[PDB]
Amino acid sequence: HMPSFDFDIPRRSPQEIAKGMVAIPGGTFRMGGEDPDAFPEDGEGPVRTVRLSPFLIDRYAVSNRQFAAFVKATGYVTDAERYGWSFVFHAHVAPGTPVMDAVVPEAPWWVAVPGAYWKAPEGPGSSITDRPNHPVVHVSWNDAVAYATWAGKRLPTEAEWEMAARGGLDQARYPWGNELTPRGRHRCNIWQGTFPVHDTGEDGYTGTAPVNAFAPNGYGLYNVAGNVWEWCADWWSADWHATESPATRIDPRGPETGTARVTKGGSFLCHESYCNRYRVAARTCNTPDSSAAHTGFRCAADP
């Protein structure tokens, strides 16, 4: 990918870049999933051993306060601001807010809201005054790459994201193990109740949570499962990674071309009765200028 920016890339030291990041040593892990209920079109399989070079990865998704500092320093205008609208979940649109008639096929709970963007996540009249440490949302893949580049960083590959999110466990279902609420404790921010009609908020949140909510995984990463979908570097496919080759098993970058970029981790909207996509092997995608109230990112870096 070859992006274009209208800000210069600032000089930053290794110590500055590494703040808030954890060092993942080089090594192998078992990537992918073979849950019999996985949707074939998602391409969770095959399970395979992947070798990665050492990398750094953010403990937290990028927050509102951090994204605000980037915008203040650069004047960056997000894709949602250029388009003039972004996607908001229906339950979060205040009555009377102007909304577009737009329809996401098969997903009527998504509303296209003029004026929804990172600083006004439910549309005009909303703000982030009480969410400085929540993940930034309504950021597209382009916006994420711009932030990451300004910060001296990059997006993780899907394999880097998954190695880090698995937190040293071999083929567990979730970042922390195989049970969703071990010891009766919520470990992530997803949906509870009846999707899309009623979220009971049993885990404490019916929207985004602070980036440091819940216990971390074994490598010190927070909210890799749930909270917000997280953009990765790779172009999406369902089958490129089914080939067994150095390109797909050593520092894999995904296919060279595509139409949508990978997103990982699930969000506050995910639920077992609908998508079941908060398992660590899960994966989907979105087109790179798209944005939504449940999608953000975390950065990686080369040491």
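Sequential numbering from 1, following the sequence displayed. Between two forms, the rigid core is the largest collection of C-alphas that superpose within 1.5 Å.
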**Study point:** Outlying stretch relative to shown form, 103 to 111 versus 130 to 138 in 8 other deposited structures of this protein, C-alpha RMS (core)
**Key:** 103 to 111
Check your understanding: Which is higher in the entry, the mean Cα B factor of 113 to 121 or that of 92 to 100?
Key -> 92 to 100
Practice item. Averaging only over Cα atoms, indicate whether 178 to 186 or 201 to 209 has the higher B-factor in the PDB entry. Key: 178 to 186
Point to revise | Highest recorded Cα temperature factor - choice among 215, 144, 165, 136 | key: 215
Review point. Based on the PDB record, which member of 157, 171, 149, 78 exhibits the highest Cα temperature factor?
Key: 171
Check your understanding: Would the CA B-factor of residue 280 place it in the lowest, middle or highest third of its chain?
Key -> middle
Check your understanding: Is the Cα B-factor recorded for residue 196 in the lowest, middle or highest third of its chain?
Key -> middle
Check your understanding: Can you tell me which third, lowest, middle or highest, the CA B-factor of residue 44 falls into for its chain?
Key -> middle
Study note, to complete from the structure: residue 24: CA temperature factor from the record, placed by chain third, in the highest
Check your understanding: Mind checking which third residue 299 falls in for C-alpha B-factor across the chain?
Key -> lowest
